[PDB]
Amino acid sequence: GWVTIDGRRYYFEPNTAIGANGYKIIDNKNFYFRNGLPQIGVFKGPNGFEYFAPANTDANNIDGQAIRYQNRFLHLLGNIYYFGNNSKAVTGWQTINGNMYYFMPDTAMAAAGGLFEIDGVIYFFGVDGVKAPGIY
């Protein structure tokens, strides 16, 4: 369960003595742990990528708790994400507000800042992740 060491909260499994790791459901809340410490970021759960957010981002969530986050972009540590109606980060080719993006399969982060090979073809992405016109 939850213990406080120095000042931060850690979670341990009832079968171990070292902190939990990976995606976990705890009393209707979602977390992604690293050596017991909830991680902030966009990580893969059982139904896609969730936003495990800084505390008090939505509905008084705690640090690392997954949140509702609908129909909007997120900038996180310089990486660009887009979240759909179901609060999951989109992947692959997407058209958003008339612009095309490609969200990478391993991370859900937008391809950005030049040429990428995707599906065997070379494409160009602006610094903002927007696919540029024409053939590359």
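A residue's number is simply how far along the shown sequence it sits, counting from 1.
Higher mean CA B-factor, judged across 22 to 30 and 44 to 52 from the recorded values: 22 to 30. Averaged over Cα atoms, the B-factor as recorded in the entry is higher for 54 to 62 than for the other of 82 to 90 and 54 to 62. Among the modelled residues of the chain, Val121 sits in the middle third by CA temperature factor in this PDB entry.
Annotation for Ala17: CA B-factor lies in the highest third of the chain's modelled residues.
In the PDB entry, a CA B factor belonging to the middle third of its chain's modelled residues is recorded for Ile96. For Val3, the recorded CA B-factor ranks within the highest third of the chain. Only modelled residues enter the ranking. When the modelled residues of the chain are ordered by C-alpha B-factor, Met109 sits in the lowest third.
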